[PDB]
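J.: Below is the file input30.txt, which contains compact mmCIF, N, CA and C atoms.
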# COMPACT_ATOMS: atom_id res chain seq x y z
N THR A 1 269.81 206.02 -53.38
CA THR A 1 268.40 206.07 -53.02
C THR A 1 268.16 206.99 -51.83
N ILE A 2 269.05 206.98 -50.83
CA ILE A 2 268.80 207.80 -49.65
C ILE A 2 269.04 209.27 -49.97
N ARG A 3 270.05 209.58 -50.80
CA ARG A 3 270.27 210.98 -51.15
C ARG A 3 269.12 211.52 -51.99
N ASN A 4 268.68 210.75 -53.00
CA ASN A 4 267.58 211.22 -53.84
C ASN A 4 266.26 211.27 -53.07
N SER A 5 266.05 210.34 -52.13
CA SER A 5 264.78 210.31 -51.40
C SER A 5 264.72 211.43 -50.36
N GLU A 6 265.80 211.62 -49.60
CA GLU A 6 265.86 212.75 -48.69
C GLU A 6 265.78 214.07 -49.44
N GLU A 7 266.38 214.14 -50.64
CA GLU A 7 266.25 215.33 -51.47
C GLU A 7 264.80 215.57 -51.87
N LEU A 8 264.11 214.51 -52.29
CA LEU A 8 262.71 214.64 -52.71
C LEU A 8 261.83 215.11 -51.56
N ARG A 9 261.94 214.45 -50.40
CA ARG A 9 261.10 214.84 -49.27
C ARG A 9 261.48 216.22 -48.75
N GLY A 10 262.78 216.55 -48.75
CA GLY A 10 263.19 217.86 -48.29
C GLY A 10 262.70 218.98 -49.19
N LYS A 11 262.89 218.82 -50.51
CA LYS A 11 262.40 219.81 -51.46
C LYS A 11 260.88 219.93 -51.39
N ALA A 12 260.18 218.83 -51.16
CA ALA A 12 258.73 218.88 -51.10
C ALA A 12 258.23 219.54 -49.82
N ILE A 13 258.93 219.32 -48.70
CA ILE A 13 258.55 219.96 -47.45
C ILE A 13 258.91 221.45 -47.48
N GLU A 14 260.03 221.80 -48.11
CA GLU A 14 260.32 223.22 -48.30
C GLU A 14 259.33 223.85 -49.27
N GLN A 15 258.80 223.06 -50.22
CA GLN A 15 257.69 223.53 -51.03
C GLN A 15 256.48 223.82 -50.16
N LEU A 16 256.19 222.93 -49.20
CA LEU A 16 255.15 223.21 -48.22
C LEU A 16 255.38 224.54 -47.53
N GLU A 17 256.60 224.77 -47.05
CA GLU A 17 256.87 225.99 -46.28
C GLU A 17 256.81 227.25 -47.15
N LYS A 18 257.38 227.21 -48.36
CA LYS A 18 257.41 228.42 -49.17
C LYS A 18 256.04 228.70 -49.78
N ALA A 19 255.30 227.66 -50.15
CA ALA A 19 253.94 227.87 -50.63
C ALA A 19 252.99 228.16 -49.47
N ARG A 20 253.42 227.86 -48.24
CA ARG A 20 252.68 228.28 -47.06
C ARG A 20 252.86 229.77 -46.80
N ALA A 21 254.10 230.26 -46.94
CA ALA A 21 254.33 231.70 -46.89
C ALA A 21 253.61 232.40 -48.03
N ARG A 22 253.63 231.80 -49.23
CA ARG A 22 252.87 232.34 -50.35
C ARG A 22 251.38 232.29 -50.08
N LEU A 23 250.91 231.27 -49.35
CA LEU A 23 249.52 231.22 -48.93
C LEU A 23 249.20 232.37 -48.00
N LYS A 24 250.11 232.68 -47.08
CA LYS A 24 249.92 233.85 -46.21
C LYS A 24 249.81 235.12 -47.04
N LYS A 25 250.66 235.24 -48.07
CA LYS A 25 250.58 236.40 -48.95
C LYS A 25 249.25 236.45 -49.69
N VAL A 26 248.71 235.30 -50.11
CA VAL A 26 247.45 235.32 -50.86
C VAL A 26 246.26 235.58 -49.93
N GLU A 27 246.31 235.07 -48.70
CA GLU A 27 245.26 235.41 -47.73
C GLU A 27 245.24 236.91 -47.47
N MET A 28 246.42 237.51 -47.26
CA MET A 28 246.50 238.96 -47.10
C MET A 28 246.08 239.68 -48.37
N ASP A 29 246.39 239.09 -49.53
CA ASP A 29 246.01 239.69 -50.81
C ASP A 29 244.50 239.77 -50.95
N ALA A 30 243.80 238.68 -50.60
CA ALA A 30 242.35 238.67 -50.72
C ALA A 30 241.71 239.60 -49.70
N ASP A 31 242.22 239.61 -48.46
CA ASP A 31 241.66 240.51 -47.45
C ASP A 31 241.85 241.97 -47.85
N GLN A 32 243.06 242.33 -48.29
CA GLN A 32 243.32 243.71 -48.69
C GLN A 32 242.55 244.08 -49.95
N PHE A 33 242.40 243.14 -50.88
CA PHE A 33 241.70 243.47 -52.12
C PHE A 33 240.21 243.60 -51.90
N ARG A 34 239.65 242.84 -50.95
CA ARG A 34 238.25 243.08 -50.60
C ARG A 34 238.10 244.43 -49.90
N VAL A 35 239.09 244.81 -49.08
CA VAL A 35 239.06 246.12 -48.42
C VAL A 35 239.11 247.25 -49.46
N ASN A 36 239.88 247.04 -50.53
CA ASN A 36 239.88 248.02 -51.62
C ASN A 36 238.56 248.01 -52.38
N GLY A 37 238.10 246.83 -52.81
CA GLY A 37 237.00 246.77 -53.76
C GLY A 37 235.66 247.17 -53.18
N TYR A 38 235.51 247.02 -51.85
CA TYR A 38 234.34 247.58 -51.18
C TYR A 38 234.21 249.07 -51.48
N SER A 39 235.34 249.78 -51.50
CA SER A 39 235.32 251.22 -51.73
C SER A 39 234.89 251.55 -53.15
N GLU A 40 235.35 250.78 -54.15
CA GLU A 40 234.97 251.10 -55.52
C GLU A 40 233.51 250.74 -55.81
N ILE A 41 233.01 249.64 -55.23
CA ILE A 41 231.60 249.33 -55.45
C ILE A 41 230.72 250.36 -54.74
N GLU A 42 231.15 250.84 -53.57
CA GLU A 42 230.43 251.94 -52.93
C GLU A 42 230.56 253.22 -53.75
N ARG A 43 231.67 253.37 -54.48
CA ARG A 43 231.85 254.55 -55.31
C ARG A 43 230.85 254.59 -56.45
N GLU A 44 230.68 253.47 -57.17
CA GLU A 44 229.69 253.47 -58.24
C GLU A 44 228.28 253.61 -57.69
N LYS A 45 228.01 253.01 -56.52
CA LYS A 45 226.70 253.19 -55.90
C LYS A 45 226.43 254.65 -55.57
N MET A 46 227.39 255.35 -54.95
CA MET A 46 227.18 256.75 -54.59
C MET A 46 227.16 257.63 -55.83
N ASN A 47 227.82 257.20 -56.92
CA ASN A 47 227.62 257.87 -58.20
C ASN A 47 226.16 257.84 -58.60
N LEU A 48 225.49 256.70 -58.43
CA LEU A 48 224.05 256.65 -58.70
C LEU A 48 223.26 257.54 -57.73
N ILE A 49 223.61 257.49 -56.44
CA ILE A 49 222.83 258.21 -55.43
C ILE A 49 223.02 259.73 -55.57
N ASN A 50 224.07 260.15 -56.28
CA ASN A 50 224.19 261.56 -56.62
C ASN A 50 223.53 261.87 -57.96
N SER A 51 223.67 260.97 -58.94
CA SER A 51 223.16 261.23 -60.28
C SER A 51 221.64 261.30 -60.30
N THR A 52 220.98 260.65 -59.34
CA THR A 52 219.54 260.84 -59.24
C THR A 52 219.17 262.29 -58.94
N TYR A 53 219.85 262.94 -58.00
CA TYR A 53 219.63 264.37 -57.78
C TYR A 53 220.08 265.19 -58.98
N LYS A 54 221.14 264.74 -59.67
CA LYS A 54 221.62 265.48 -60.84
C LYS A 54 220.57 265.52 -61.94
N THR A 55 219.95 264.38 -62.24
CA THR A 55 218.91 264.37 -63.26
C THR A 55 217.63 265.05 -62.76
N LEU A 56 217.39 265.00 -61.44
CA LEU A 56 216.31 265.79 -60.86
C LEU A 56 216.49 267.28 -61.16
N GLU A 57 217.70 267.81 -60.95
CA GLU A 57 217.97 269.22 -61.24
C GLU A 57 217.91 269.49 -62.74
N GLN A 58 218.43 268.55 -63.54
CA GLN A 58 218.43 268.70 -64.99
C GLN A 58 217.01 268.86 -65.52
N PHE A 59 216.05 268.13 -64.94
CA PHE A 59 214.67 268.35 -65.32
C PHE A 59 214.01 269.49 -64.54
N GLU A 60 214.60 269.91 -63.42
CA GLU A 60 214.08 271.05 -62.67
C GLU A 60 214.20 272.34 -63.48
N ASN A 61 215.35 272.51 -64.14
CA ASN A 61 215.49 273.64 -65.06
C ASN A 61 214.43 273.59 -66.16
N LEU B 1 215.93 250.66 -55.17
CA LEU B 1 214.69 250.99 -54.46
C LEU B 1 214.70 252.44 -53.95
N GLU B 2 215.82 252.88 -53.37
CA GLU B 2 215.85 254.23 -52.81
C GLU B 2 215.94 255.29 -53.90
N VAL B 3 216.58 254.98 -55.04
CA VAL B 3 216.58 255.98 -56.10
C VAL B 3 215.23 255.99 -56.81
N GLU B 4 214.47 254.89 -56.75
CA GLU B 4 213.08 254.94 -57.20
C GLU B 4 212.24 255.79 -56.25
N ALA B 5 212.53 255.72 -54.95
CA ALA B 5 211.87 256.60 -53.99
C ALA B 5 212.22 258.06 -54.25
N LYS B 6 213.45 258.33 -54.67
CA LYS B 6 213.83 259.70 -55.02
C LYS B 6 213.17 260.14 -56.33
N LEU B 7 213.05 259.22 -57.28
CA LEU B 7 212.30 259.47 -58.51
C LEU B 7 210.85 259.81 -58.21
N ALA B 8 210.29 259.20 -57.16
CA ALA B 8 208.94 259.54 -56.73
C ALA B 8 208.91 260.88 -56.00
N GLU B 9 209.97 261.18 -55.23
CA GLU B 9 210.06 262.45 -54.52
C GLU B 9 210.06 263.63 -55.49
N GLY B 10 210.74 263.46 -56.63
CA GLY B 10 210.76 264.52 -57.63
C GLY B 10 209.37 264.93 -58.07
N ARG B 11 208.45 263.96 -58.15
CA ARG B 11 207.08 264.25 -58.57
C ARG B 11 206.31 264.99 -57.48
N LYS B 12 206.48 264.59 -56.22
CA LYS B 12 205.85 265.32 -55.12
C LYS B 12 206.34 266.76 -55.08
N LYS B 13 207.61 266.98 -55.40
CA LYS B 13 208.13 268.35 -55.41
C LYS B 13 207.60 269.14 -56.60
N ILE B 14 207.53 268.50 -57.79
CA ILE B 14 207.14 269.23 -59.00
C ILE B 14 205.69 269.69 -58.92
N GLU B 15 204.81 268.89 -58.28
CA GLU B 15 203.40 269.32 -58.23
C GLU B 15 203.24 270.65 -57.51
N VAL B 16 203.88 270.80 -56.35
CA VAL B 16 203.80 272.06 -55.62
C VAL B 16 204.51 273.17 -56.39
N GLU B 17 205.74 272.88 -56.86
CA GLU B 17 206.57 273.91 -57.48
C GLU B 17 205.93 274.46 -58.75
N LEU B 18 205.07 273.67 -59.40
CA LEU B 18 204.35 274.19 -60.56
C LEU B 18 203.04 274.85 -60.16
N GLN B 19 202.21 274.17 -59.35
CA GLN B 19 200.84 274.64 -59.16
C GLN B 19 200.78 275.94 -58.36
N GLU B 20 201.71 276.15 -57.41
CA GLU B 20 201.67 277.42 -56.68
C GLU B 20 202.00 278.63 -57.56
N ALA B 21 203.10 278.56 -58.31
CA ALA B 21 203.41 279.60 -59.29
C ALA B 21 202.28 279.76 -60.30
N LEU B 22 201.66 278.64 -60.70
CA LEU B 22 200.58 278.71 -61.67
C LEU B 22 199.39 279.48 -61.13
N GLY B 23 199.00 279.23 -59.88
CA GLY B 23 197.89 279.97 -59.30
C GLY B 23 198.20 281.45 -59.18
N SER B 24 199.42 281.77 -58.75
CA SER B 24 199.85 283.17 -58.72
C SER B 24 199.72 283.82 -60.09
N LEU B 25 200.18 283.14 -61.14
CA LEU B 25 200.17 283.72 -62.48
C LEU B 25 198.75 283.86 -63.03
N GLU B 26 197.90 282.87 -62.76
CA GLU B 26 196.51 282.94 -63.21
C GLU B 26 195.81 284.14 -62.60
N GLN B 27 195.88 284.27 -61.27
CA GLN B 27 195.21 285.40 -60.63
C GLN B 27 195.85 286.73 -61.01
N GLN B 28 197.16 286.73 -61.28
CA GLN B 28 197.83 287.96 -61.68
C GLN B 28 197.34 288.43 -63.05
N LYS B 29 197.30 287.52 -64.02
CA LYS B 29 196.83 287.91 -65.35
C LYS B 29 195.35 288.27 -65.34
N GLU B 30 194.56 287.63 -64.48
CA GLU B 30 193.15 288.00 -64.38
C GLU B 30 192.98 289.41 -63.81
N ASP B 31 193.71 289.73 -62.74
CA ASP B 31 193.69 291.09 -62.20
C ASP B 31 194.16 292.10 -63.24
N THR B 32 195.18 291.74 -64.02
CA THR B 32 195.73 292.67 -64.99
C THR B 32 194.79 292.88 -66.17
N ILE B 33 193.99 291.87 -66.53
CA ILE B 33 193.07 292.07 -67.65
C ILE B 33 191.83 292.85 -67.20
N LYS B 34 191.29 292.55 -66.02
CA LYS B 34 190.10 293.30 -65.62
C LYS B 34 190.46 294.71 -65.15
N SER B 35 191.72 294.93 -64.77
CA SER B 35 192.17 296.28 -64.46
C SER B 35 192.27 297.13 -65.72
N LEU B 36 192.79 296.54 -66.80
CA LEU B 36 193.00 297.29 -68.04
C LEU B 36 191.69 297.63 -68.74
N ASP B 37 190.60 296.95 -68.38
CA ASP B 37 189.33 297.14 -69.07
C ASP B 37 188.80 298.56 -68.88
N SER B 38 189.24 299.24 -67.82
CA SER B 38 188.86 300.64 -67.63
C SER B 38 189.71 301.56 -68.50
N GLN B 39 190.88 301.10 -68.94
CA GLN B 39 191.82 301.95 -69.65
C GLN B 39 191.89 301.66 -71.15
N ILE B 40 191.48 300.47 -71.59
CA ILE B 40 191.60 300.10 -73.00
C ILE B 40 190.75 301.00 -73.88
N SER B 41 189.66 301.55 -73.34
CA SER B 41 188.85 302.51 -74.08
C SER B 41 189.67 303.73 -74.47
N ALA B 42 190.49 304.23 -73.55
CA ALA B 42 191.36 305.36 -73.87
C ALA B 42 192.54 304.92 -74.73
N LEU B 43 193.04 303.71 -74.49
CA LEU B 43 194.19 303.22 -75.26
C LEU B 43 193.81 302.88 -76.70
N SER B 44 192.52 302.81 -77.02
CA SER B 44 192.12 302.56 -78.40
C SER B 44 192.32 303.79 -79.28
N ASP B 45 192.40 304.98 -78.68
CA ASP B 45 192.30 306.23 -79.44
C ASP B 45 193.56 306.50 -80.25
N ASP B 46 194.73 306.13 -79.73
CA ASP B 46 195.96 306.41 -80.46
C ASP B 46 196.03 305.59 -81.74
N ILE B 47 195.43 304.40 -81.75
CA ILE B 47 195.37 303.61 -82.98
C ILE B 47 194.51 304.32 -84.02
N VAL B 48 193.40 304.92 -83.59
CA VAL B 48 192.56 305.72 -84.48
C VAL B 48 193.36 306.88 -85.06
N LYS B 49 194.08 307.60 -84.20
CA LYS B 49 194.85 308.75 -84.66
C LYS B 49 196.02 308.33 -85.54
N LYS B 50 196.47 307.08 -85.39
CA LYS B 50 197.55 306.57 -86.23
C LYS B 50 197.04 306.21 -87.62
N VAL B 51 195.91 305.52 -87.70
CA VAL B 51 195.42 305.06 -89.00
C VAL B 51 194.83 306.22 -89.79
N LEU B 52 194.12 307.15 -89.10
CA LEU B 52 193.55 308.24 -89.90
C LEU B 52 194.35 309.51 -89.69
N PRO B 53 194.67 310.26 -90.76
CA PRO B 53 195.42 311.51 -90.68
C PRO B 53 194.52 312.75 -90.59
Would you give me this structure, written as structure tokens?

T.:
Amino acid sequence: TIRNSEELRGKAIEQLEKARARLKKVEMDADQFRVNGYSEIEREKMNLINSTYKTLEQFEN
Amino acid sequence: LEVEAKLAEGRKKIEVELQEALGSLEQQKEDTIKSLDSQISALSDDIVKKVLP
């Protein structure tokens, strides 16, 4: 009982620690991915802000 | 909203860009027609000489 119980609590606390490190990785993942995705949403927006002048010129001709 | 404002800007630009050239062309063709009215009498004669031998 003591070997299996210490094994259970030890494995579960090491699960806490390794999934805590994995939590650190996911927090960094979300922060970095928001830093990336801001750029792509601004990219499609600026595609619109240029395409308005593009269609302006297309009808200017 | 801002590209709708640009869509509106295109119209403000087109009114000037058309009407100014249009006024120039109207007055130009009017000057050219009333100028030719002194010369069309002479320019009619070659057609006469062409049709009749």

J.: Give me, as a Markdown table, the closest atom pair and its distance (Å, one decimal) for every residue of chain A within a cut-off of 8 Å of chain B, counting all atoms listed in the file, rows sorted by chain and rising number.

T.:
| residue | atom | partner | partner_atom | distance |
| --- | --- | --- | --- | --- |
| A:48 | C | B:3 | CA | 7.1 |
| A:49 | CA | B:3 | CA | 6.7 |
| A:52 | CA | B:3 | CA | 6.5 |
| A:53 | N | B:6 | C | 7.4 |
| A:56 | CA | B:10 | CA | 6.5 |

J.: What separation in Å, quoted to one decimal, exists between atom C of residue 16 (chain B) and CA of residue 30 (chain B)?

T.: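 Computing the Euclidean distance for atom C of residue 16 (chain B) and CA of residue 30 (chain B) yields 20.3 Å.
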
J.: Rounded to one decimal place, report the atom N of residue 10 (chain A)-CA of residue 22 (chain A) distance in Å.

T.: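 CA of residue 22 (chain A) lies at a distance of 18.7 Å from atom N of residue 10 (chain A).
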
J.: Any idea what the distance is between atom C of residue 57 (chain A) and atom N of residue 28 (chain B)?

T.: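 For atom C of residue 57 (chain A) relative to atom N of residue 28 (chain B), the distance reads 27.0 Å.
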
J.: Some atoms are absent from region 10-22 of chain A, so rebuild N, CA, C and O atoms and return them as a compact mmCIF listing (two decimals), in the frame of the given file.

T.:
# COMPACT_ATOMS: atom_id res chain seq x y z
N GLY A 10 262.78 216.55 -48.75
CA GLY A 10 263.19 217.86 -48.29
C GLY A 10 262.70 218.98 -49.19
O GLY A 10 262.15 219.97 -48.72
N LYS A 11 262.89 218.82 -50.51
CA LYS A 11 262.40 219.81 -51.46
C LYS A 11 260.88 219.93 -51.39
O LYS A 11 260.35 221.04 -51.49
N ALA A 12 260.18 218.83 -51.16
CA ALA A 12 258.73 218.88 -51.10
C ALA A 12 258.23 219.54 -49.82
O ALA A 12 257.24 220.28 -49.82
N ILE A 13 258.93 219.32 -48.70
CA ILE A 13 258.55 219.96 -47.45
C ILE A 13 258.91 221.45 -47.48
O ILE A 13 258.17 222.29 -46.95
N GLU A 14 260.03 221.80 -48.11
CA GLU A 14 260.32 223.22 -48.30
C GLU A 14 259.33 223.85 -49.27
O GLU A 14 259.04 225.04 -49.17
N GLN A 15 258.80 223.06 -50.22
CA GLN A 15 257.69 223.53 -51.03
C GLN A 15 256.48 223.82 -50.16
O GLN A 15 255.81 224.84 -50.35
N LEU A 16 256.19 222.93 -49.20
CA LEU A 16 255.15 223.21 -48.22
C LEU A 16 255.38 224.54 -47.53
O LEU A 16 254.47 225.37 -47.45
N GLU A 17 256.60 224.77 -47.05
CA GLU A 17 256.87 225.99 -46.28
C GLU A 17 256.81 227.25 -47.15
O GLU A 17 256.23 228.26 -46.74
N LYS A 18 257.38 227.21 -48.36
CA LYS A 18 257.41 228.42 -49.17
C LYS A 18 256.04 228.70 -49.78
O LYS A 18 255.63 229.86 -49.89
N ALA A 19 255.30 227.66 -50.15
CA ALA A 19 253.94 227.87 -50.63
C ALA A 19 252.99 228.16 -49.47
O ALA A 19 251.91 228.69 -49.67
N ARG A 20 253.42 227.86 -48.24
CA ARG A 20 252.68 228.28 -47.06
C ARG A 20 252.86 229.77 -46.80
O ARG A 20 251.90 230.48 -46.47
N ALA A 21 254.10 230.26 -46.94
CA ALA A 21 254.33 231.70 -46.89
C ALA A 21 253.61 232.40 -48.03
O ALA A 21 253.02 233.47 -47.84
N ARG A 22 253.63 231.80 -49.23
CA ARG A 22 252.87 232.34 -50.35
C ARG A 22 251.38 232.29 -50.08
O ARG A 22 250.64 233.19 -50.49
